[PDB]
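One file, model-v8.txt, carrying compact mmCIF, N, CA and C atoms:
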# COMPACT_ATOMS: atom_id res chain seq x y z
N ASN S 1 -46.40 18.94 -6.89
CA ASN S 1 -45.14 19.56 -6.42
C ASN S 1 -44.14 19.62 -7.57
N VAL S 2 -42.91 19.99 -7.27
CA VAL S 2 -41.90 20.06 -8.30
C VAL S 2 -41.37 18.66 -8.61
N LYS S 3 -41.24 18.37 -9.89
CA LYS S 3 -40.83 17.06 -10.34
C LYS S 3 -39.36 17.05 -10.70
N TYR S 4 -38.73 15.91 -10.49
CA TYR S 4 -37.30 15.78 -10.72
C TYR S 4 -37.09 15.08 -12.05
N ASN S 5 -36.68 15.89 -12.98
CA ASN S 5 -36.67 15.61 -14.38
C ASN S 5 -35.26 15.36 -14.87
N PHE S 6 -35.16 14.43 -15.78
CA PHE S 6 -33.92 13.74 -16.12
C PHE S 6 -32.87 14.71 -16.63
N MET S 7 -31.68 14.54 -16.09
CA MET S 7 -30.62 15.52 -16.14
C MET S 7 -29.70 15.23 -17.31
N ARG S 8 -29.07 14.07 -17.23
CA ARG S 8 -28.02 13.70 -18.14
C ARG S 8 -27.81 12.19 -18.12
N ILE S 9 -27.42 11.65 -19.27
CA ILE S 9 -27.16 10.23 -19.40
C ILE S 9 -25.76 9.89 -18.88
N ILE S 10 -25.71 9.11 -17.81
CA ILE S 10 -24.45 8.72 -17.22
C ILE S 10 -23.93 7.43 -17.87
N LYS S 11 -23.52 6.48 -17.05
CA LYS S 11 -22.82 5.30 -17.56
C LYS S 11 -23.74 4.09 -17.49
N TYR S 12 -23.44 3.07 -18.28
CA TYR S 12 -24.33 1.91 -18.41
C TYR S 12 -23.56 0.65 -18.79
N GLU S 13 -24.17 -0.51 -18.50
CA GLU S 13 -23.59 -1.82 -18.80
C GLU S 13 -22.23 -1.98 -18.15
N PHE S 14 -22.13 -1.46 -16.95
CA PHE S 14 -20.94 -1.60 -16.16
C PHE S 14 -21.18 -2.61 -15.08
N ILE S 15 -20.12 -3.13 -14.55
CA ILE S 15 -20.20 -4.18 -13.57
C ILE S 15 -20.10 -3.58 -12.22
N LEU S 16 -21.08 -3.84 -11.44
CA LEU S 16 -21.20 -3.15 -10.19
C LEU S 16 -20.67 -3.99 -9.06
N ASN S 17 -19.67 -3.44 -8.38
CA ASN S 17 -18.98 -4.12 -7.29
C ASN S 17 -18.83 -3.19 -6.12
N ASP S 18 -18.88 -3.71 -4.92
CA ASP S 18 -18.68 -2.89 -3.73
C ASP S 18 -17.24 -2.89 -3.30
N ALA S 19 -17.00 -2.24 -2.20
CA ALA S 19 -15.67 -2.15 -1.59
C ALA S 19 -15.26 -3.52 -1.09
N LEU S 20 -16.26 -4.35 -0.87
CA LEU S 20 -16.02 -5.76 -0.54
C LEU S 20 -15.60 -6.47 -1.80
N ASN S 21 -15.91 -5.78 -2.87
CA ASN S 21 -15.79 -6.24 -4.23
C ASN S 21 -16.59 -7.50 -4.39
N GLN S 22 -17.88 -7.35 -4.44
CA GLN S 22 -18.73 -8.43 -4.81
C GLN S 22 -19.62 -7.88 -5.88
N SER S 23 -19.45 -8.37 -7.08
CA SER S 23 -20.25 -7.89 -8.16
C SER S 23 -21.67 -8.34 -7.89
N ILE S 24 -22.55 -7.37 -7.78
CA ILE S 24 -23.89 -7.63 -7.34
C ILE S 24 -24.73 -8.30 -8.44
N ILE S 25 -24.97 -9.60 -8.32
CA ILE S 25 -25.74 -10.31 -9.34
C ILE S 25 -27.18 -10.49 -8.86
N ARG S 26 -28.13 -10.50 -9.78
CA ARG S 26 -29.52 -10.73 -9.42
C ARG S 26 -29.76 -12.22 -9.26
N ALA S 27 -30.16 -12.62 -8.07
CA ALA S 27 -30.37 -14.03 -7.77
C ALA S 27 -31.80 -14.41 -8.09
N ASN S 28 -32.68 -13.46 -7.86
CA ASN S 28 -34.09 -13.60 -8.15
C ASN S 28 -34.59 -12.26 -8.64
N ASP S 29 -35.77 -12.23 -9.23
CA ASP S 29 -36.30 -11.00 -9.79
C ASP S 29 -36.76 -10.03 -8.70
N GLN S 30 -36.67 -10.46 -7.45
CA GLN S 30 -37.02 -9.59 -6.33
C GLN S 30 -35.83 -9.38 -5.40
N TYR S 31 -34.91 -10.34 -5.37
CA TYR S 31 -33.78 -10.28 -4.45
C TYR S 31 -32.44 -10.43 -5.17
N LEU S 32 -31.43 -9.74 -4.66
CA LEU S 32 -30.12 -9.67 -5.30
C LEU S 32 -29.01 -9.97 -4.30
N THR S 33 -28.07 -10.82 -4.71
CA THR S 33 -26.93 -11.19 -3.88
C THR S 33 -25.62 -10.82 -4.58
N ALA S 34 -24.71 -10.24 -3.83
CA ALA S 34 -23.43 -9.79 -4.37
C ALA S 34 -22.37 -10.88 -4.28
N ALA S 35 -21.55 -11.00 -5.32
CA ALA S 35 -20.48 -12.00 -5.35
C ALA S 35 -19.28 -11.50 -6.17
N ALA S 36 -18.08 -11.66 -5.62
CA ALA S 36 -16.85 -11.14 -6.21
C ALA S 36 -16.60 -11.65 -7.62
N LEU S 37 -16.44 -10.69 -8.53
CA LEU S 37 -16.06 -10.93 -9.91
C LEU S 37 -14.59 -11.33 -10.03
N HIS S 38 -14.28 -12.03 -11.10
CA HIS S 38 -12.91 -12.27 -11.49
C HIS S 38 -12.80 -12.18 -13.02
N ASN S 39 -13.95 -12.29 -13.68
CA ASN S 39 -14.04 -12.03 -15.12
C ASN S 39 -14.39 -10.57 -15.33
N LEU S 40 -14.57 -9.88 -14.21
CA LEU S 40 -15.14 -8.54 -14.18
C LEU S 40 -16.61 -8.57 -14.60
N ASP S 41 -16.91 -8.90 -15.84
CA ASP S 41 -18.30 -8.97 -16.29
C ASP S 41 -18.95 -10.29 -15.86
N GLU S 42 -19.52 -10.29 -14.66
CA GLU S 42 -20.17 -11.47 -14.11
C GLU S 42 -21.42 -11.07 -13.34
N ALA S 43 -21.41 -9.85 -12.81
CA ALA S 43 -22.58 -9.30 -12.15
C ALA S 43 -23.56 -8.74 -13.16
N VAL S 44 -24.78 -8.55 -12.69
CA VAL S 44 -25.78 -7.88 -13.48
C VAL S 44 -25.43 -6.41 -13.56
N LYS S 45 -25.50 -5.92 -14.77
CA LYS S 45 -24.93 -4.63 -15.13
C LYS S 45 -25.97 -3.56 -15.03
N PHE S 46 -25.61 -2.49 -14.36
CA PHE S 46 -26.51 -1.43 -14.10
C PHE S 46 -26.31 -0.34 -15.11
N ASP S 47 -27.26 0.55 -15.14
CA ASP S 47 -27.13 1.76 -15.91
C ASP S 47 -27.66 2.90 -15.07
N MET S 48 -26.84 3.91 -14.93
CA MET S 48 -27.12 5.04 -14.08
C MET S 48 -27.40 6.27 -14.92
N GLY S 49 -28.45 6.97 -14.56
CA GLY S 49 -28.77 8.21 -15.19
C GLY S 49 -29.25 9.17 -14.15
N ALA S 50 -28.72 10.36 -14.10
CA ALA S 50 -29.08 11.25 -13.02
C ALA S 50 -30.34 11.99 -13.38
N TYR S 51 -31.17 12.26 -12.41
CA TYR S 51 -32.35 13.07 -12.67
C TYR S 51 -32.40 14.23 -11.71
N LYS S 52 -33.06 15.29 -12.13
CA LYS S 52 -32.79 16.60 -11.59
C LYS S 52 -34.02 17.40 -11.20
N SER S 53 -34.05 17.82 -9.95
CA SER S 53 -34.91 18.91 -9.52
C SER S 53 -34.10 19.76 -8.55
N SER S 54 -34.46 21.01 -8.35
CA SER S 54 -33.81 21.77 -7.30
C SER S 54 -34.60 21.62 -6.01
N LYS S 55 -35.02 20.39 -5.74
CA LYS S 55 -35.66 20.06 -4.48
C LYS S 55 -34.94 18.89 -3.81
N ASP S 56 -33.63 18.80 -3.97
CA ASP S 56 -32.91 17.73 -3.30
C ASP S 56 -32.72 18.13 -1.83
N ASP S 57 -31.50 18.05 -1.35
CA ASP S 57 -31.02 18.93 -0.29
C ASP S 57 -29.69 19.53 -0.70
N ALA S 58 -28.64 18.73 -0.52
CA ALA S 58 -27.31 19.02 -1.01
C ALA S 58 -26.78 17.81 -1.78
N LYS S 59 -27.69 16.93 -2.20
CA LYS S 59 -27.31 15.64 -2.76
C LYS S 59 -28.27 15.24 -3.88
N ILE S 60 -27.71 14.60 -4.89
CA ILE S 60 -28.34 14.45 -6.19
C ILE S 60 -28.66 13.01 -6.45
N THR S 61 -29.67 12.79 -7.25
CA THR S 61 -30.19 11.47 -7.41
C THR S 61 -29.88 10.92 -8.79
N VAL S 62 -29.47 9.67 -8.80
CA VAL S 62 -29.16 8.94 -10.00
C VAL S 62 -30.05 7.71 -10.06
N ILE S 63 -30.14 7.10 -11.23
CA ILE S 63 -31.05 5.99 -11.46
C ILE S 63 -30.29 4.67 -11.51
N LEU S 64 -30.71 3.70 -10.72
CA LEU S 64 -30.10 2.37 -10.79
C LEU S 64 -31.04 1.35 -11.46
N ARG S 65 -30.61 0.81 -12.59
CA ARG S 65 -31.33 -0.27 -13.28
C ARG S 65 -30.34 -1.33 -13.74
N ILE S 66 -30.75 -2.58 -13.86
CA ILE S 66 -29.95 -3.55 -14.60
C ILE S 66 -30.32 -3.49 -16.08
N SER S 67 -29.32 -3.34 -16.92
CA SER S 67 -29.48 -3.17 -18.37
C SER S 67 -30.41 -4.20 -19.02
N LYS S 68 -30.55 -5.36 -18.39
CA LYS S 68 -31.18 -6.51 -19.04
C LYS S 68 -32.71 -6.47 -19.00
N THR S 69 -33.27 -6.40 -17.81
CA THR S 69 -34.70 -6.21 -17.64
C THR S 69 -34.92 -4.85 -16.99
N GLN S 70 -36.14 -4.35 -16.91
CA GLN S 70 -36.31 -3.06 -16.29
C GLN S 70 -36.81 -3.24 -14.87
N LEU S 71 -35.90 -3.76 -14.06
CA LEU S 71 -36.06 -3.81 -12.62
C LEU S 71 -35.25 -2.69 -12.02
N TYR S 72 -35.94 -1.75 -11.44
CA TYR S 72 -35.33 -0.57 -10.90
C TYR S 72 -35.33 -0.67 -9.40
N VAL S 73 -34.45 0.04 -8.76
CA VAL S 73 -34.27 -0.10 -7.33
C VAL S 73 -35.28 0.74 -6.55
N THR S 74 -36.03 0.09 -5.68
CA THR S 74 -36.86 0.76 -4.73
C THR S 74 -36.10 0.87 -3.41
N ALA S 75 -36.31 1.96 -2.72
CA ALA S 75 -35.68 2.19 -1.44
C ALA S 75 -36.67 1.85 -0.33
N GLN S 76 -36.30 0.89 0.52
CA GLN S 76 -37.19 0.43 1.57
C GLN S 76 -36.97 1.26 2.83
N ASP S 77 -36.56 0.63 3.93
CA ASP S 77 -36.25 1.39 5.14
C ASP S 77 -35.12 0.75 5.93
N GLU S 78 -33.95 1.39 5.88
CA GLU S 78 -32.78 0.99 6.66
C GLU S 78 -32.49 -0.50 6.47
N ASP S 79 -32.19 -1.26 7.53
CA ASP S 79 -31.78 -2.66 7.38
C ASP S 79 -32.97 -3.51 6.93
N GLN S 80 -33.28 -3.35 5.66
CA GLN S 80 -34.27 -4.13 4.96
C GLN S 80 -33.92 -4.04 3.49
N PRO S 81 -33.78 -5.18 2.81
CA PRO S 81 -33.08 -5.24 1.52
C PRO S 81 -33.72 -4.38 0.45
N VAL S 82 -32.87 -3.89 -0.45
CA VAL S 82 -33.31 -3.13 -1.60
C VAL S 82 -34.22 -3.99 -2.48
N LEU S 83 -35.37 -3.43 -2.83
CA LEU S 83 -36.41 -4.17 -3.51
C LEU S 83 -36.33 -3.89 -5.00
N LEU S 84 -36.66 -4.86 -5.82
CA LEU S 84 -36.58 -4.64 -7.26
C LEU S 84 -37.96 -4.30 -7.80
N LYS S 85 -38.17 -3.00 -8.00
CA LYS S 85 -39.40 -2.45 -8.53
C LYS S 85 -39.29 -2.31 -10.04
N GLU S 86 -40.17 -2.94 -10.78
CA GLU S 86 -40.02 -2.89 -12.21
C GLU S 86 -40.83 -1.73 -12.77
N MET S 87 -40.10 -0.63 -12.92
CA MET S 87 -40.62 0.60 -13.50
C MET S 87 -39.89 0.87 -14.80
N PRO S 88 -40.61 0.83 -15.93
CA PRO S 88 -39.99 0.82 -17.25
C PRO S 88 -39.39 2.16 -17.68
N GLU S 89 -38.11 2.11 -18.05
CA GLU S 89 -37.39 3.24 -18.62
C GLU S 89 -37.16 4.35 -17.60
N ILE S 90 -36.03 5.02 -17.76
CA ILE S 90 -35.62 6.09 -16.87
C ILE S 90 -36.54 7.30 -17.04
N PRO S 91 -37.23 7.71 -15.97
CA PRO S 91 -38.21 8.78 -16.02
C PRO S 91 -37.59 10.16 -16.26
N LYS S 92 -38.32 10.99 -16.98
CA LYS S 92 -37.88 12.32 -17.34
C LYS S 92 -38.61 13.36 -16.51
N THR S 93 -39.74 12.98 -15.97
CA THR S 93 -40.45 13.82 -15.02
C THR S 93 -40.88 12.95 -13.85
N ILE S 94 -40.21 13.14 -12.72
CA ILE S 94 -40.42 12.26 -11.58
C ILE S 94 -41.25 12.87 -10.44
N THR S 95 -42.38 12.26 -10.21
CA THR S 95 -43.34 12.76 -9.25
C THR S 95 -43.73 11.65 -8.28
N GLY S 96 -43.78 12.02 -7.00
CA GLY S 96 -43.89 11.11 -5.86
C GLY S 96 -43.35 9.69 -6.03
N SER S 97 -44.09 8.80 -6.68
CA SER S 97 -43.88 7.35 -6.55
C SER S 97 -42.53 6.84 -7.09
N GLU S 98 -41.89 7.57 -7.99
CA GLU S 98 -40.66 7.09 -8.61
C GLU S 98 -39.46 7.32 -7.68
N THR S 99 -39.77 7.81 -6.48
CA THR S 99 -38.80 8.25 -5.51
C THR S 99 -38.02 7.09 -4.92
N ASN S 100 -38.45 5.87 -5.20
CA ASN S 100 -37.74 4.72 -4.75
C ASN S 100 -36.40 4.63 -5.45
N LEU S 101 -36.37 5.14 -6.67
CA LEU S 101 -35.18 5.08 -7.50
C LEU S 101 -34.27 6.32 -7.36
N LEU S 102 -34.15 6.91 -6.18
CA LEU S 102 -33.16 7.95 -6.01
C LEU S 102 -31.93 7.44 -5.29
N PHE S 103 -30.77 7.87 -5.76
CA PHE S 103 -29.49 7.42 -5.20
C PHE S 103 -28.48 8.55 -5.17
N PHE S 104 -27.96 8.83 -3.98
CA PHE S 104 -26.95 9.86 -3.81
C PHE S 104 -25.58 9.28 -4.09
N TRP S 105 -25.04 9.64 -5.23
CA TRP S 105 -23.82 9.02 -5.73
C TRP S 105 -22.59 9.82 -5.29
N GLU S 106 -21.87 9.27 -4.33
CA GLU S 106 -20.62 9.86 -3.85
C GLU S 106 -19.45 9.05 -4.39
N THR S 107 -18.70 9.61 -5.33
CA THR S 107 -17.66 8.87 -6.02
C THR S 107 -16.27 9.16 -5.44
N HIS S 108 -15.59 8.11 -5.00
CA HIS S 108 -14.22 8.24 -4.49
C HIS S 108 -13.31 7.19 -5.12
N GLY S 109 -12.59 7.59 -6.16
CA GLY S 109 -11.68 6.69 -6.84
C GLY S 109 -12.42 5.68 -7.69
N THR S 110 -12.48 4.45 -7.21
CA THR S 110 -13.23 3.40 -7.88
C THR S 110 -14.54 3.14 -7.15
N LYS S 111 -14.46 3.10 -5.83
CA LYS S 111 -15.63 2.86 -4.99
C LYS S 111 -16.44 4.17 -4.88
N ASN S 112 -17.69 4.02 -4.53
CA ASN S 112 -18.63 5.12 -4.39
C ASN S 112 -19.81 4.67 -3.53
N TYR S 113 -20.51 5.62 -2.91
CA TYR S 113 -21.67 5.30 -2.06
C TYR S 113 -22.97 5.73 -2.72
N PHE S 114 -24.10 5.17 -2.26
CA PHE S 114 -25.41 5.60 -2.71
C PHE S 114 -26.32 5.79 -1.50
N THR S 115 -26.47 7.02 -1.08
CA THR S 115 -27.37 7.37 0.00
C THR S 115 -28.73 7.68 -0.59
N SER S 116 -29.80 7.24 0.03
CA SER S 116 -31.09 7.52 -0.54
C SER S 116 -31.35 9.00 -0.38
N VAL S 117 -31.62 9.66 -1.49
CA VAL S 117 -31.74 11.10 -1.51
C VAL S 117 -33.06 11.51 -0.86
N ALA S 118 -34.00 10.58 -0.81
CA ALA S 118 -35.23 10.80 -0.07
C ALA S 118 -34.98 10.70 1.44
N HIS S 119 -34.29 9.65 1.85
CA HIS S 119 -33.95 9.42 3.24
C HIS S 119 -32.61 8.71 3.32
N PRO S 120 -31.58 9.39 3.82
CA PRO S 120 -30.30 8.78 4.21
C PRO S 120 -30.42 7.46 4.95
N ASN S 121 -31.44 7.34 5.82
CA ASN S 121 -31.60 6.15 6.65
C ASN S 121 -31.88 4.92 5.78
N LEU S 122 -32.11 5.19 4.52
CA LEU S 122 -32.02 4.20 3.48
C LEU S 122 -30.64 4.38 2.85
N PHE S 123 -29.91 3.31 2.67
CA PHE S 123 -28.59 3.42 2.07
C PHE S 123 -28.30 2.13 1.34
N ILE S 124 -27.71 2.24 0.17
CA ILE S 124 -27.63 1.13 -0.75
C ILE S 124 -26.39 0.30 -0.44
N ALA S 125 -26.64 -0.80 0.24
CA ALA S 125 -25.59 -1.64 0.79
C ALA S 125 -25.22 -2.79 -0.12
N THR S 126 -23.99 -3.26 0.02
CA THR S 126 -23.53 -4.44 -0.66
C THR S 126 -22.93 -5.39 0.34
N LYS S 127 -23.36 -6.61 0.25
CA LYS S 127 -22.95 -7.63 1.19
C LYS S 127 -22.05 -8.63 0.48
N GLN S 128 -21.09 -9.17 1.22
CA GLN S 128 -20.15 -10.13 0.67
C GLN S 128 -20.75 -11.53 0.62
N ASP S 129 -21.70 -11.79 1.50
CA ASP S 129 -22.28 -13.13 1.61
C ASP S 129 -23.81 -13.08 1.55
N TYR S 130 -24.38 -12.00 2.06
CA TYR S 130 -25.83 -11.90 2.18
C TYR S 130 -26.43 -11.14 1.01
N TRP S 131 -27.74 -10.95 1.04
CA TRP S 131 -28.43 -10.19 0.01
C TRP S 131 -28.11 -8.70 0.14
N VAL S 132 -28.26 -7.97 -0.96
CA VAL S 132 -28.00 -6.54 -0.99
C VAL S 132 -29.07 -5.81 -0.20
N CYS S 133 -28.70 -5.37 1.00
CA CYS S 133 -29.66 -4.78 1.90
C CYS S 133 -29.51 -3.26 1.96
N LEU S 134 -30.02 -2.69 3.03
CA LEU S 134 -30.11 -1.27 3.22
C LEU S 134 -29.76 -0.98 4.67
N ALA S 135 -29.36 0.25 4.96
CA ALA S 135 -29.22 0.71 6.33
C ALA S 135 -29.22 2.23 6.33
N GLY S 136 -29.37 2.86 7.48
CA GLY S 136 -29.34 4.32 7.50
C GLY S 136 -27.96 4.84 7.76
N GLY S 137 -27.04 4.03 7.31
CA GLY S 137 -25.65 4.34 7.28
C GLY S 137 -25.05 3.18 6.58
N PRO S 138 -23.76 2.95 6.62
CA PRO S 138 -23.31 1.61 6.44
C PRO S 138 -22.69 1.01 7.70
N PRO S 139 -23.10 -0.20 8.07
CA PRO S 139 -22.17 -1.22 8.50
C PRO S 139 -22.15 -2.32 7.45
N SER S 140 -23.08 -2.18 6.51
CA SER S 140 -23.07 -2.90 5.26
C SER S 140 -22.18 -2.15 4.31
N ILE S 141 -21.50 -2.83 3.44
CA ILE S 141 -20.60 -2.16 2.54
C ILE S 141 -21.37 -1.55 1.39
N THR S 142 -21.69 -0.30 1.58
CA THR S 142 -22.50 0.44 0.65
C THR S 142 -21.56 1.06 -0.34
N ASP S 143 -20.54 0.32 -0.68
CA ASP S 143 -19.67 0.74 -1.70
C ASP S 143 -20.11 0.11 -2.98
N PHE S 144 -19.91 0.82 -4.00
CA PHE S 144 -19.99 0.30 -5.32
C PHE S 144 -18.85 0.86 -6.13
N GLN S 145 -18.69 0.32 -7.29
CA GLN S 145 -17.59 0.60 -8.17
C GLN S 145 -18.06 0.33 -9.58
N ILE S 146 -17.66 1.14 -10.53
CA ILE S 146 -18.00 0.84 -11.89
C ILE S 146 -16.84 0.07 -12.49
N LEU S 147 -17.10 -1.19 -12.74
CA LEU S 147 -16.06 -2.12 -13.15
C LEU S 147 -16.25 -2.52 -14.60
N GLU S 148 -15.26 -2.25 -15.41
CA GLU S 148 -15.28 -2.63 -16.80
C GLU S 148 -14.75 -4.06 -16.90
N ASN S 149 -15.10 -4.76 -17.97
CA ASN S 149 -14.85 -6.20 -18.04
C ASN S 149 -13.45 -6.49 -18.55
N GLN S 150 -13.03 -7.73 -18.42
CA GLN S 150 -11.66 -8.11 -18.69
C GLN S 150 -11.40 -8.12 -20.19
N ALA S 151 -12.22 -8.87 -20.90
CA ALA S 151 -12.18 -8.94 -22.35
C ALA S 151 -13.45 -9.58 -22.87

Can the structure in the file be given as structure tokens, please?
Amino acid sequence: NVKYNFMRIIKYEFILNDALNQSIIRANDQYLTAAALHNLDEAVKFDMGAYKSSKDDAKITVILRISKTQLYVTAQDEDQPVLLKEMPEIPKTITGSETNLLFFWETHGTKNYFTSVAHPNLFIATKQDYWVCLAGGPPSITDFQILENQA
């Protein structure tokens, strides 16, 4: 089928925080828990790069990775936590399996949402106390924010 091939280099090594403002830190190499920054740079830092096919719908996919290791975000199913799939380097030609790493980036001010471009019913949530889960909407705070560090 048509492959979704890398569009443009977005932002990287930023501190990712939700509307709850919990900078999402990796607690384990498979599970991630969000916690409010005060140094700003305290969470594991992501790097986003958008990738492109004209087979979306009306929404575009970006790549979520932590700058440090190449653990990329897999999209599970609704209220079931986002899984850390280690797929090396941001793909330039994306065919079937890399589809776990699609994110619909809706930016509003500082906060922004990530709807799974494959399935909305997957949505990239941020929790104030619990692990970073998923839902087919939010009642989880699926806000994120690109937060630069204090000094």

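The neighbours of segment 138-145 of chain S here are the residues that come within 8 Å of it, using only N, CA and C atoms and leaving out any residue fewer than 3 positions away in the same chain; they are residues 14, 15, 16, 17, 18, 19, 20, 21, 22, 109, 110, 111, 112, 113, 114, 115, 122, 123, 124, 125, 126, 127, 128, 133, 134, 135 and 148 of chain S.
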
- With distances taken over only C-alpha atoms, which of S:86, S:49, S:79, S:28 is nearest to residue 103 of chain S? S:49

- Message: Please list as a PyMOL selection string every residue within 7 Å of residue 92 of chain S, counting only N, CA and C atoms and excluding residues in the same chain fewer than 3 positions away.
- Response: chain S and resi 3-7+89

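Ranking S:82, S:40, S:101, S:32 by their shortest atom-to-atom distance to residue 63 of chain S, with only N, CA and C atoms included, puts S:101 first.
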
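Here atom N of residue 96 of chain S is placed at a distance of 7.4 Å from atom N of residue 1 of chain S.
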
- Determine which residues of chain S DSSP labels as strand (DSSP E) from the backbone of this structure, then write them out as a PyMOL selection string. chain S and resi 5-17+23-26+32-35+45-52+61-66+72-74+83-85+104-108+111-115+144-147

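The residue set within 7 Å of residue 70 of chain S, counting all atoms listed in the file and dropping same-chain residues fewer than 2 places from it, reads residues 65, 66, 67, 68, 72, 85, 86, 87, 88 and 89 of chain S.
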
Write out, as a PDB file, keeping the file's coordinate frame, the residues just selected, with N, CA and C atoms.
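Saved to part.pdb:
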ATOM      1  N   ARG S  65     -30.610   0.810 -12.590  1.00  0.00           N
ATOM      2  CA  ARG S  65     -31.330  -0.270 -13.280  1.00  0.00           C
ATOM      3  C   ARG S  65     -30.340  -1.330 -13.740  1.00  0.00           C
ATOM      4  N   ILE S  66     -30.750  -2.580 -13.860  1.00  0.00           N
ATOM      5  CA  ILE S  66     -29.950  -3.550 -14.600  1.00  0.00           C
ATOM      6  C   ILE S  66     -30.320  -3.490 -16.080  1.00  0.00           C
ATOM      7  N   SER S  67     -29.320  -3.340 -16.920  1.00  0.00           N
ATOM      8  CA  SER S  67     -29.480  -3.170 -18.370  1.00  0.00           C
ATOM      9  C   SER S  67     -30.410  -4.200 -19.020  1.00  0.00           C
ATOM     10  N   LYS S  68     -30.550  -5.360 -18.390  1.00  0.00           N
ATOM     11  CA  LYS S  68     -31.180  -6.510 -19.040  1.00  0.00           C
ATOM     12  C   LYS S  68     -32.710  -6.470 -19.000  1.00  0.00           C
ATOM     13  N   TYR S  72     -35.940  -1.750 -11.440  1.00  0.00           N
ATOM     14  CA  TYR S  72     -35.330  -0.570 -10.900  1.00  0.00           C
ATOM     15  C   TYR S  72     -35.330  -0.670  -9.400  1.00  0.00           C
ATOM     16  N   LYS S  85     -38.170  -3.000  -8.000  1.00  0.00           N
ATOM     17  CA  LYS S  85     -39.400  -2.450  -8.530  1.00  0.00           C
ATOM     18  C   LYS S  85     -39.290  -2.310 -10.040  1.00  0.00           C
ATOM     19  N   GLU S  86     -40.170  -2.940 -10.780  1.00  0.00           N
ATOM     20  CA  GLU S  86     -40.020  -2.890 -12.210  1.00  0.00           C
ATOM     21  C   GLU S  86     -40.830  -1.730 -12.770  1.00  0.00           C
ATOM     22  N   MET S  87     -40.100  -0.630 -12.920  1.00  0.00           N
ATOM     23  CA  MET S  87     -40.620   0.600 -13.500  1.00  0.00           C
ATOM     24  C   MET S  87     -39.890   0.870 -14.800  1.00  0.00           C
ATOM     25  N   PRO S  88     -40.610   0.830 -15.930  1.00  0.00           N
ATOM     26  CA  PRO S  88     -39.990   0.820 -17.250  1.00  0.00           C
ATOM     27  C   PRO S  88     -39.390   2.160 -17.680  1.00  0.00           C
ATOM     28  N   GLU S  89     -38.110   2.110 -18.050  1.00  0.00           N
ATOM     29  CA  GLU S  89     -37.390   3.240 -18.620  1.00  0.00           C
ATOM     30  C   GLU S  89     -37.160   4.350 -17.600  1.00  0.00           C
TER      31      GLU S  89
END

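When only N, CA and C atoms are used to measure the gap to residue 52 of chain S, the shortest distance among S:27, S:73, S:100, S:2 belongs to S:2.
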
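Minimum atom-to-atom distance to residue 117 of chain S, evaluated using all atoms listed in the file, belongs to S:60 out of S:60, S:47, S:71, S:150.
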
- To one decimal place, how far is atom N of residue 54 of chain S from atom N of residue 91 of chain S in Å? 15.6 Å

- Please report, as a PyMOL selection string, each residue of chain S to which DSSP assigns helix (DSSP H, G or I) when run on this structure's backbone. chain S and resi 96-101

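Straight-line separation from atom CA of residue 151 of chain S to atom CA of residue 37 of chain S: 13.2 Å.
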
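For the residues S:25, S:132, S:58, S:35, ranking by smallest atom-to-atom distance to residue 120 of chain S using only C-alpha atoms places S:58 first.
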
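Each of S:51, S:23, S:83, S:56 was checked against residue 118 of chain S using all atoms listed in the file; the smallest atom-to-atom distance is that of S:56.
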
- Message: Which residues are near residue 12 of chain S? Cut-off 6.5 Å, all atoms listed in the file, ignore same chain within fewer than 3 positions. Put them as a ChimeraX atom specification.
- Response: /S:45-48
